[PDB]
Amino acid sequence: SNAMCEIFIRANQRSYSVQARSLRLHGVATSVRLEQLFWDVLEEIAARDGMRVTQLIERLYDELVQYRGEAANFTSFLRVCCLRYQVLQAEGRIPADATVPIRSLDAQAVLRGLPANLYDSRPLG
């Protein structure tokens, strides 16, 4: 009944259906159930740096285990990967352009001065 309703209600219906995909994480079969739009965004992220989505996810798992000791709430973490990717693009911290690989960026520049709910200040090893 207003522009806000119009913009939000008119999501593509399939974009918020949930799809299960199988992945091998630290060698073990695992279930990741994500809303389709989140799979779509993870596929975009992977493509940006010339990776298959499954390889991007396996690498994220590997690194999350090293950073936190384990990879708890991994599906929720992937959701937040998608959301943060778009926040960072909206803020112009990551260029909103597919040809610039994320691996070419300066992560301390990308993350510096963000609100505290948007990142962990502890650097990766």
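Numbers for residues come from their place in the sequence shown, where the first is 1.
*Asks:* May I ask you to compare 98-106 and 17-25 by their mean CA B factor in the entry and name the higher one?
*Replies:* Taking the mean B-factor of the alpha carbons in each, 98-106 is higher.
*Asks:* Tell me which of 115-123 and 1-9 has the higher mean C-alpha B-factor in the deposited entry.
*Replies:* Going by the record's values, the stretch with the higher mean is 1-9.
*Asks:* Which one of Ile57, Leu83, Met51, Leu64 shows the top CA temperature factor in the record?
*Replies:* Going by the entry's C-alpha B-factors, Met51 comes out highest.
*Asks:* Among the modelled residues of its chain, does the C-alpha B-factor of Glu91 lie in the lowest, middle or highest third?
*Replies:* As the PDB entry reports it, the C-alpha B-factor of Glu91 lands in the highest third of its chain.
*Asks:* Lowest, middle or highest third of the chain for the C-alpha temperature factor of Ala47?
*Replies:* Highest third of the chain for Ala47's C-alpha B-factor.
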